[PDB]
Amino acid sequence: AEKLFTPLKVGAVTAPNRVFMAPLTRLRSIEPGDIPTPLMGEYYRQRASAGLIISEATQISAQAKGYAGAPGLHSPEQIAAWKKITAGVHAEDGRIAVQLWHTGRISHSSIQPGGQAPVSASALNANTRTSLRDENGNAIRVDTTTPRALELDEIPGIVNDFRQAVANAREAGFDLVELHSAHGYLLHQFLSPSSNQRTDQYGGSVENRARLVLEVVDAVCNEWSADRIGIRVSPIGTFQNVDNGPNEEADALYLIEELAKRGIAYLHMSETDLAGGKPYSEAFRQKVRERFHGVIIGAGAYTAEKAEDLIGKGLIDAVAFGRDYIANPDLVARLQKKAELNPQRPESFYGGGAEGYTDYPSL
């Protein structure tokens, strides 16, 4: 039998189905101020039939910014704009989580406070690109700036920034928060030995590498409730030039066992980037499942059939779709009815306006 269209308790909220909208950066916010817009509100409202919407990555602070057009959740104006957006999703009987990030070294000095180098675990360039805007407001890809290593005494401020952003998210009407601990952003920069060469209590051993993310988890659980907190990890493979080191499986299971102790709402595993790669072994999925007692969300080039298979095997609880959610506001109905999926238009994934954003039709 099909399980994708059955309900699921996700911490404090109940999803009516297991077809989730993955977090999707679309870079359409207002500058100055990194402000969400009514257009963004319309886009999310169109997708409110999702079992859970997980928002685009959203800054915890101005320092957190790495992309021109990505929204924040640190200023009064951002809070006010997000309130309207969550109200719109709720008017359509949806549920929405905010994905909260600090981009760390995947950033550029031109968009940092004071024009300064972005921060990271260590002073190592990401060796990739980020997205800025040109003089006409269009998205452009630009090489990342070499970061400054955070001083030990700056770490509590980073934890506080996540805490504060969660207070703001609760006020803004989000149902859950998802900590962005994946894809080579700040939390992952600390987790990975490839990006973390620190020799203090925040580098070296896996305990030390996971210290920041677990301090963040504890701070946000205390601010709100554990049943309001999710986390996204990409702990197996390489993402955006950040690998997971020479003991990736053991290190992942350590982190997951620690997360389980906090009783958080969910663990969201980004299994691959768009270029693909090694599938998770069944054995690894089993080791994760026996250690974590919240919801597990699988993501990365899934099909409905793969989701059904893994849900049926008792290994995951839900699936997050990314690109299919860009193109199909009613993806739930389409998967339920076995309807075709709208053609994707990748040229309009990042930046611009309504075209390629709010103009994909329902059935």
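From 1 onward, residues are counted along the sequence shown. Take the two forms, find the largest set of C-alpha atoms that superpose within 1.5 Å, and that set is the rigid core.
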Q: Compare 209 to 217 with 275 to 283 and report which one shows the larger root mean square C-alpha deviation from this form in 7 other deposited structures of this protein once the rigid core is superposed.
A: 275 to 283
Q: Determine, for stretches 180 to 188 and 241 to 249, which one has the higher mean CA B-factor as deposited.
A: 241 to 249
Q) When the C-alpha temperature factors are averaged for each of 306 to 314 and 39 to 47, which stretch ends up with the higher value in the entry? A) 306 to 314
Q. Looking at 58, 29, 61, 336, which has the biggest Cα B factor in the entry?
A. 336
Q | Residue with maximal Cα B-factor (values as given in the PDB entry) among 116, 78, 107, 205 | A | 205
Q: Please place residue 13 in the lowest, middle or highest third of its chain by C-alpha B factor as given in the entry.
A: highest
Q.
Using only modelled residues of the chain, where does the Cα B factor of residue 264 rank: lowest third, middle third or highest third?
A. middle
Q: Sort the modelled residues of this chain by their C-alpha B factor and say whether residue 82 lands in the lowest, middle or highest third.
A: lowest
Q: Sorting the chain's modelled residues by C-alpha B-factor, tell me whether residue 223 ends up in the lowest, middle or highest third.
A: middle
(Q) Ranking the modelled residues of this chain by C-alpha B-factor as given in the entry, is residue 230 in the lowest, middle or highest third? (A) lowest
